[PDB]
Amino acid sequence: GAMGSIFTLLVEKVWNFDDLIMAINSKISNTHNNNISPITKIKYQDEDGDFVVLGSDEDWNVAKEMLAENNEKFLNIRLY
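Counting in the deposited numbering, the sequence shown runs from 775 upward without gaps.
As structure tokens, this is what we get:
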């Protein structure tokens, strides 16, 4: 991915890092044709105008509280 793409979806206040990876995995590799290549480690647009490195359920529960800290529910993603 030398072009650079984003993934802004709608997450809930219950979605775990697992459920999160499912959404992405469904938008990155959900079709069964021949061979697929899923992912796990991804980046997200933090509240500082710059993508950061998300750990797991930890940075997920934190990043979540940051979204609802105002009125945001969508989460951005990167493909490094």
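Backbone N, C-alpha and C define an ideal beta-carbon position, used for all residues, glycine too.
Within its own chain, the residues whose Cβ lies closer than 8 Å to the Cβ of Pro812, once the five positions on either side in sequence are excluded, are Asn799, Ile802 and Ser803, listed in chain order. Across the set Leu784, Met777, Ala776 and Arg852, the C-alpha of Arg852 shows the shortest separation from the C-alpha of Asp824. For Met840, the CB contacts under 6 Å within the same chain, skipping 5 residues up- and downstream, are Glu821 in chain order.
In this structure, the beta-carbon distance from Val785 to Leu849 falls below 8 Å.
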